[PDB]
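Presented as structure tokens, the chain that follows is alone, the form solved without the partner chain.
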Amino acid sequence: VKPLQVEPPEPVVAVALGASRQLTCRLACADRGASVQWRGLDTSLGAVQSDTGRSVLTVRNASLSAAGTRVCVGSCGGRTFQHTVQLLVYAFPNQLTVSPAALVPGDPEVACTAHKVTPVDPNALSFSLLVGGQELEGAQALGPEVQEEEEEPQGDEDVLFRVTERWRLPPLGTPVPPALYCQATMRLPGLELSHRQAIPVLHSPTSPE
């Protein structure tokens, strides 16, 4: 026995903004008084149904308000059990922007900004400058977080973040690569999302042999 179970078990459960997830808390009770309760604050765009798997917590079209700790407490026979789970709501960037859009082997730097993101802290969001399938050696860094304000007519509502990462560029090299790549990776409990965005390297350094 347990005798209180939650499906899924994971202590941390990640859900994409606007998606859905349902947690089923079950209690094996030999007695009459058996009672199950879901708490924390409640919300998410979630609900609670009982008697068809004890009590299921369903988060629908998740919002950032969904995130937070949820607790299922089950009472049975003057005895009480629990299971605590953290809902982690996140938003992977829907666009990646590279400045300059293309790289004449000139030289300066390059910036890559991810749009509409959460979370934005390292350990959960990293950027990479790639040449082929490996990170460009000699590239530096510095990443700024920004908040975005929007809500244009006849549909929806809300606010997220725009993170940019800049890189002072090394010489590059011979033979100049056809393109460099910016990659934004998000690593959450159980998952890893990634976005690779091409940045064309202009085959211009001419003039010699």
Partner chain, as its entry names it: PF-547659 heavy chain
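In this text, rigid core is short for the largest set of C-alphas that superpose within 1.5 Å between two forms. Only residues modelled in both forms are compared. Residue numbers count along the first chain shown, from 1.
From this point on, the text means the form deposited with the partner chain bound, which you will not see here.
Against the partner chain in the entry with it bound, the set 162, 183 and 188 makes no contact: no member has a heavy atom within 4.5 Å.
With a 4.5 Å cutoff on heavy atoms, residue 97 does not count as touching the partner chain in the entry with it bound; it lies far away. Contact annotation: residue 82 falls within 4.5 Å of the partner chain in the entry with it bound, judged by heavy atom distances.
Interface residue remark: residue 41 is counted as part of the site for the partner chain in the entry with it bound, having a heavy atom within 4.5 Å. Taking non-hydrogen atoms only, residue 133 never approaches the partner chain to within 4.5 angstroms in the entry with it bound.
For the partner chain in the entry with it bound, the listed stretch (99-107, 115-123, 83-91, 135-143) containing residues with heavy atoms inside 4.5 Å is 83-91. Just a single entry of 96, 136, 76, 111 exceeds or equals a 2 Å CA shift between this form and the one not shown, which is 76 (rigid core superposed). Once both forms are overlaid on the rigid core, the distance between the two CA positions of residue 64 between this form and the one not shown is under 2 angstroms.
Once both forms are fitted on their core, the CA shift for residue 183 between this form and the one not shown remains under 2 Å. Put the two forms on the same core and the Cα of residue 169 is off by less than 2 Å between this form and the one not shown.
Whereas the displayed form keeps them at a certain spacing, the CA atoms of residue 62 and residue 143 lie at least 3 angstroms farther apart in the entry with it bound.
A decrease of at least 3 Å in the separation of the C-alpha atoms of residue 6 and residue 45 is found in the entry with it bound, compared with the displayed form. Core-superposed difference between this form and the one not shown: segments of three or more residues with every CA shifted 2 Å or more are 28-35, 40-46, 50-55, 75-78, 142-149.
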